[PDB]
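Single chain ahead, written as structure tokens, the form deposited in one PDB entry.
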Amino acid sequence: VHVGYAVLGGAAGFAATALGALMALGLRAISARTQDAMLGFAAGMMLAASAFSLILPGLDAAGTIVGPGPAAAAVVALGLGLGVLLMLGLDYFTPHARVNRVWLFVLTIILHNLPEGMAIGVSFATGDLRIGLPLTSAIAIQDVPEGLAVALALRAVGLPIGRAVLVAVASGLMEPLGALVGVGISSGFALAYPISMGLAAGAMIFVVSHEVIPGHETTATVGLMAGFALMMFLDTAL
């Protein structure tokens, strides 16, 4: 079934996060510019994952379901706006004393991860490996530096590196959960698939626009360019 490809896609999600987190054991600390570059790469990957692997495939799905006119782009775009609105609804409904500021930063990481799991599941809802696999693989690529980054950031707020890595790994647990959810919401009816692809792309564009906010400027855009270029390459080859 679809859940299968979605469950293994989420699984690669969690593994990749865990690998980055485990790399944090060696390093313990990293320069500000290297962390900025890593994040910029991760945002570039996500920005184009939602463009090339979610919106355009979503529009083509919608186009076969309802025809070539604006109805399809309307479905995809309304799903996308719904995804923005949902991530904006969380973030308000969700707050994010050292013990409590660690919890708020963890909530940030979990709210971040929710859309990416969802996107993996949504991409594997038609069983289409030519939509799930490049998406999923981009998600996992950028999960590595982000697990690294997450664990280091938690060490930096005051945790011993071991707890920091343990919490990063647990964080990565949110990808398969979101994969189950994305495979849920995208199977109830025909339009559920392109609606869900819009919705996933929108949620990701929101977490990026809300976390691209973090000198340390020229370095993060080299990363963003790299991560965006690499995605285009993945879309073409896969």
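Rigid core here is just the name for the largest C-alpha set that superposes within 1.5 Å across the two forms. Start at 1 with the first residue shown and count on from there.
Another form, the form deposited in another entry, is not on view; read the next lines as being about it.
(request) Establish whether a shift of 2 Å or more occurs at the C-alpha of residue 79 between this form and the one not shown, with the two forms superposed on the rigid core. (result) No: residue 79 shifts by under 2 Å between this form and the one not shown.
(request) Inspect the rigid-core superposition and answer whether the C-alpha of residue 115 shifts by 2 angstroms or more between this form and the one not shown. (result) Where the cores coincide, residue 115 still shows a C-alpha shift between this form and the one not shown that is 2 Å or more.
(message) Rigid core aligned, does the Cα position of residue 26 differ by 2 Å or more between this form and the one not shown?
(response) Indeed, residue 26 is displaced by 2 Å or more.
(request) Indicate closer or farther: the Cα atoms of residue 34 and residue 27, in that other deposited form, relative to the displayed form, with a change of 3 Å or more. (result) Distance between the C-alphas of residue 34 and residue 27: longer in that other deposited form, by 3 Å or more.
(message) Between the shown chain and the other structure, the Cα gap of residue 27 to residue 47 differs by 3 Å or more. Is it closer or farther in that other deposited form?
(response) More distant in that other deposited form, by 3 Å or more.
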